[PDB]
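**Student:** using only what follows, build the 3D model:
(one chain, ligands or ions: 1)
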Amino acid sequence: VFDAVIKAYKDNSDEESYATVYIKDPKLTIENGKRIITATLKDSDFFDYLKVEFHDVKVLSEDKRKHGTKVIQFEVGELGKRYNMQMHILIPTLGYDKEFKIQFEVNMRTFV
Ligand code: HEM
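**Tutor:** Numbers count the residues shown, from 1 in each chain. Okay, here it is:
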């Protein structure tokens, strides 16, 4: 179990994606000799779905207080590599209905 960081990218562009701000305190655990990312998804209510290379991420916990906050989890093959990720952002009051495909690499926060 390690302090981890997730870097998101605006699809093909290598400029940092906005979604990065909606994911905080990423943590990397290793089970069965396999790499598992457990991350906090802030403002969860605006996420109709969140898929990773596609299957939805699994939600360990759900909070409903401040526009939702779901502790999400998924698996990664290798650390340093880019991975395709899809999301549906749905904000009824706005109303913001858009689906996005970005790329994300998950790393170790600090040096080992
Ligand atoms: C949970 C809330 C939201 C998330 C996770 C989110 C995420 C994203 C993503 C992944 C993209 C495409 C890739 C990128 O920009 O890096 C994007 C683009 C964009 N975002 Fe959002 N967004 C959210 C809410 C909003 C809001 C509230 C606004 C404006 C008030 C907004 C305005 C835009 C616009 C105009 C684009 C580009 C549209 C296009 O090029 O077709 N988004 N956002």
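
**Student:** which strands or helices does the lengthiest strand in the chain pack on?
**Tutor:** Longest strand in the chain, counting residues (DSSP state E): strand 96-108. In terms of contacts (3 or more Cβ pairs under 8 Å, 6 or more residues apart in numbering; DSSP states H and E), strand 96-108 is packed against strand 2-9, strand 23-31, strand 83-91. (Each C-beta comes from the backbone N, C-alpha and C, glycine too.)

**Student:** strand partners of it, parallel vs antiparallel please.
**Tutor:** strand 2-9 (antiparallel), strand 83-91 (antiparallel) (DSSP bridges).

**Student:** looking at these, spot the one closest to the ligand.
**Tutor:** The ligand sits nearest to strand 83-91 of all those, at 4.5 Å, using Cβ to the nearest ligand atom.

**Student:** check which helix or strand residue 81 maps to.
**Tutor:** Taking DSSP states H and E as the definition, residue 81 sits outside all helices and strands.

**Student:** and the closest residue to it other than its chain neighbours, how many neighbours?
**Tutor:** Counting by Cβ to Cβ, 6 or more residues apart in numbering, residue 81 lies nearest to residue 105, which is 6.4 Å off, once chain neighbours are set aside. Neighbours of residue 105 under the rule other Cβ atoms under 10 Å: 16.

**Student:** ok, what's across the strand from residue 105?
**Tutor:** Beta-bridge partners recorded for residue 105 (DSSP bridges): residue 7.

**Student:** quick one: contacts for it?
**Tutor:** Contacts for residue 105 (Cβ atoms under 8 Å, 6 or more residues apart in numbering) come out as 6-7, 9, 79-83.

**Student:** ok, back up a step: give me the buried positions along the longest strand of the chain.
**Tutor:** Buried residues in strand 96-108, counted by 16 or more other Cβ atoms under 10 Å: 102-106.

**Student:** same question, stretch 6-22
**Tutor:** For stretch 6-22, by 16+ other Cβ under 10 Å, it's 6-9, 17, 19-20, 22.
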